[PDB]
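>>> Need a 3D model of the following:
(4 chains, ligands or ions: 8)
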Amino acid sequence: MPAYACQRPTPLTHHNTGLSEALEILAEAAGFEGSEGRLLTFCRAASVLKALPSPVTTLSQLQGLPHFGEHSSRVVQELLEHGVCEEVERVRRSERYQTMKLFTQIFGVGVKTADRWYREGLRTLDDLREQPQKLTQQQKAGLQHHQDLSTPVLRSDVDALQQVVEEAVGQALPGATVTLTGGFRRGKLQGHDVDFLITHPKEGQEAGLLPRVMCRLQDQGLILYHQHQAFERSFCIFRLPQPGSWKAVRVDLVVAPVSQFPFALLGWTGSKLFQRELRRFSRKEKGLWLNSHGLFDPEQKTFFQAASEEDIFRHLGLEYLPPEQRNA
DNA sequence: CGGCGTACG
DNA sequence: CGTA
DNA sequence: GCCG
Ligand SMILES: Nc1ccn([C@@H]2O[C@H](COP(=O)(O)CP(=O)(O)OP(=O)(O)O)[C@@H](O)[C@H]2O)c(=O)n1
Ligand SMILES: [Cl-]
Ligand SMILES: [Cl-]
Ligand SMILES: [Cl-]
Ligand SMILES: [Cl-]
Ligand SMILES: [Mg+2]
Ligand SMILES: [Mg+2]
Ligand code: NA
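Numbering: from 1, shown residues only, chains lettered A, B, ... in the order given. Ligands and ions are numbered 1, 2, ... in the order given. There you are, the coordinates:
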């Protein structure tokens, strides 16, 4: 079992679901307390279990697995012995965990804001709604639409949405393309949002594209919220049709030049942990700096000109993983 | 012990 | 600060 | 919290 998640295939569904869920609760709780190192270890340990070929049934099967030390091993041991881990259950039922989870789930609220509200004594969404002068416009939209945004986006919703985006994109810039990325490209059947990557086959034509796209979507009445109602990423709330009505859904749009498209596609297809691990691997094992724009050799001061995701994996000395195996 | 991904709005 |  |  290699130490980096980008070195091993991780499928969407696996053989250790309950164990990984429990470790991800501890990871999440670590993040709510600002303990980024512990969050990473618990996320990595959970991801190792997702990559195993069969269920863990005995503690000895953790021997030699990376990212399993005394703490994560004890969590697994208790789950194996009793079906429950006391530390995990104590987190689950704690007021701090439940409120931080509720608040950070709001679009426009991060850990730092949630924590401040928590220390001010706030606990429920209706607490926040009662003091709306404390809220940014982004947070007001996230709170108003919170109920719809808490319901999963279905993969069967995505194609109709993509067609609507493609219509606006084609009027903004004929020939520009829309590619589904994020969790749905990794094979998820449901998601929290839809992530689209936009480009154009003629380098430079994509300059200034996203404002034109957003203005067209807003003119069609489809945008319930966006930040601009020059930029290259938009985080918006979209009106999605429903039987006799509609629902709010989160849609992310990003524009990249076609020269960068492999890097952007890789960078936006995820998972989030896979990307963190891939960039850590690149820098720490290969001495190369990776982001969603490119891959930089700081000694030569040169950028690698990739034509595909396959190119990028090869340049990093990694076996290619299709999106479905990037579910770290 | 240091390090923990890297951007954009 | 928020967002991916 | 864990790895190198
Ligand atoms: N911090 C981050 C957050 C996001 N990303 C990248 O952005 C993509 C969409 O994130 P996203 O937030 O839409 C989560 P997704 O994987 O699509 O599943 P979901 O929407 O059903 O929950 C991820 O797959 C990563 O490639 C990242 O590199 N670093
Ligand atoms: Cl920490
Ligand atoms: Cl409607
Ligand atoms: Cl590609
Ligand atoms: Cl980036
Ligand atoms: Mg997504
Ligand atoms: Mg997204
Ligand atoms: Na949030």
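
>>> contacting residues for the residue nearest to residue A:31 when sequence neighbours are not counted?
Distance criterion CB to CB, 6 or more residues apart in numbering; nearest residue to residue A:31, sequence neighbours excluded, is residue A:39 at 4.5 Å. To be clear about C-beta, it is placed using only N, CA and C from the backbone, and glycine gets the same treatment. Neighbouring residues of residue A:39 by CB atoms under 8 Å, 6 or more residues apart in numbering: A:27, A:28, A:30, A:31.

>>> now what about the strand or helix carrying residue A:170, what contacts it?
Secondary structure from DSSP states H and E places residue A:170 in helix A:155-172. By CB under 8 Å, 6+ apart, the residues outside helix A:155-172 that reach it are A:176-178, A:180, A:184, A:188-191, A:194, A:196, A:198, A:209, A:212-213, A:216-217, A:220, A:222, A:238, A:240-241, A:249, A:251, A:253.

>>> So which bits of that helix are buried?
In terms of neighbour count (16 or more other CB atoms under 10 Å), helix A:155-172 has its buried residues at A:155, A:157, A:158, A:161, A:162, A:164, A:165, A:168, A:169, A:172.

>>> what would those residues look like in a markdown table with distance to DNA strand C?
Below are those laid out as a markdown table (distance: CB to the nearest atom of the strand, whole Å):
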| residue | distance to DNA strand C |
| --- | --- |
| A:155 | 17 |
| A:157 | 17 |
| A:158 | 14 |
| A:161 | 15 |
| A:162 | 16 |
| A:164 | 19 |
| A:165 | 15 |
| A:168 | 19 |
| A:169 | 18 |
| A:172 | 21 |
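
>>> What is the neighbour count of whichever residue of the stretch 1-150 of chain A sits closest to ligand 6?
The stretch 1-150 of chain A approaches ligand 6 most closely through residue A:149 (12.1 Å), counting by CB to the ion. Look at residue A:149: counted by other CB atoms under 10 Å, it has 21 neighbours.

>>> tell me the contacts of it?
Counted by CB under 8 Å, 6+ apart, residue A:149 has contacts A:107, A:142, A:192, A:237, A:248, A:249, A:250.

>>> between the contacts of residue A:39, which is nearest residue A:98?
residue A:28 (11.3 Å; CB to CB).

>>> What strand or helix carries that closest one?
Counting by DSSP H and E, residue A:28 is part of helix A:17-32.

>>> What angle do helix A:17-32 and the next helix or strand along the chain from that helix make with each other?
Toward the C-terminal end, the helix or strand that comes next after helix A:17-32 (DSSP H and E) is helix A:36-50. Taking axes from the mean of the first three to the mean of the last three CA atoms, to 10 degrees, one finds that helix A:36-50 is oriented at 170 degrees with respect to helix A:17-32.

>>> Is helix A:36-50 in proximity to ligand 2?
Yes: interface with ligand 2: helix A:36-50 contributes A:37, A:38 (CB under 5 Å from the ion).

>>> thinking again about what came up before, hmm, the helix holding residue A:170 touching ligand 6?
No: residues of helix A:155-172 contacting ligand 6 under CB under 5 Å from the ion: none, with a closest distance of 10.6 Å.

>>> quick one: that helix to chain centroid distance?
21 Å (CA atoms, centre = their mean, to the nearest Å).

>>> what's stretch A:125-133 in contact with?
A:102, A:103, A:106, A:117, A:122, A:134, A:135, A:139, A:140, A:143, A:146.

>>> Could you report the separation of the residue of the stretch 1-150 of chain A found nearest ligand 5 from residue A:275?
Closest residue of the stretch 1-150 of chain A to ligand 5, CB to the ion: residue A:6 (15.6 Å). In this structure, residue A:6 and residue A:275 are 9 Å apart, going by CB to CB, to the nearest Å.
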